[PDB]
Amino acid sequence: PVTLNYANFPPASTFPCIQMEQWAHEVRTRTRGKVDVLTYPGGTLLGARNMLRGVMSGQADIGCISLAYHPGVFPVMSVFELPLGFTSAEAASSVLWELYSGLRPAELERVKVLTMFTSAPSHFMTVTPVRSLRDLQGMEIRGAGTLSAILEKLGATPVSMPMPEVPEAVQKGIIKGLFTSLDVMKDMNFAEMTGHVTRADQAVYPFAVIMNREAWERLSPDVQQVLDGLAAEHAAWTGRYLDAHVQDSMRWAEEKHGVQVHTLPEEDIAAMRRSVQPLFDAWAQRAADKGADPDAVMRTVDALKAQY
């Protein structure tokens, strides 16, 4: 009987926390009680910025990081912060895990990765309506990592910060909106702060569930096969729950808070995609400078997408 503390950073109602709870439930079940998990949601054990170095301290056995909160640190897996044309968190979460399983980039060698998943595709949630690219101009919008560099290519003024700091940045007028997936309209009640939603069909935010290496090595081989055996299912499950939850979330926001939804013209969309193309090369260049094979990574992205 061994018990693992699992640090998380956002409120318990948000999807990073819902997936942690479902994960914990499967570990208890599949190990027939041999493993238990005590979860600390809402940043009570570790928060968003001390998540990684704190899992590695051993201050918590397991944690959940958003790759985009750590610029430079993940030269390979940050490809998953580019617009890879995904339209569901299910598909993207699955392809992300396979791409990680099959390559094991050294950026992530100092911890043990238990599973990976993403957000749904990003859209604009703003306090004033955005009906064109022109409206985006100069408007401070929250992103992180490469989703900020995307905001920037589109002409908005990106402000990088983790999700928990976002409600307060909006309220105090430091940002005018946020660029991410629509589950937060409910799970963080952005429906009471940003009454407008514009379709972007943009890049996802990728997450990794990590574990302290020494903690992982103190697990027997049998318990280890249980956690490795849970990884791919759980990635898909997390992606599938979120695609459903995004619908409910937006249903609630419209009929209980009168959210207004807008779309951009096709010529604005065309042009925004042309605007972000240079990020693929800059991503390819930082990976190479770090000793990675971006050509290989993109070849593996392509091939995985033609399955999932």
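Quick note: we count residues from 1 along the sequence shown, nothing fancier.
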item: Which of 102 to 110 and 200 to 208 has higher mean CA B factor, as the PDB entry lists it; value: 102 to 110
item: Greater mean Cα temperature factor according to the PDB record, 289 to 297 or 14 to 22; value: 289 to 297
item: Which of 165, 233, 183, 81 ranks first by CA B-factor in the deposited coordinates; value: 165
item: Residue with highest C-alpha B-factor in the PDB entry, from 74, 216, 124, 117; value: 216
item: Entry-reported Cα temperature factor of residue 28, expressed as the chain third it lands in; value: middle
item: Assigned third (lowest, middle, highest) for the C-alpha B factor of residue 5; value: middle
item: Lowest, middle or highest third - CA B-factor, residue 137; value: highest
item: Third of the chain, ranked by Cα B-factor, where residue 150 sits; value: lowest
item: CA B-factor placement of residue 87, once the chain's modelled residues are sorted into thirds; value: lowest
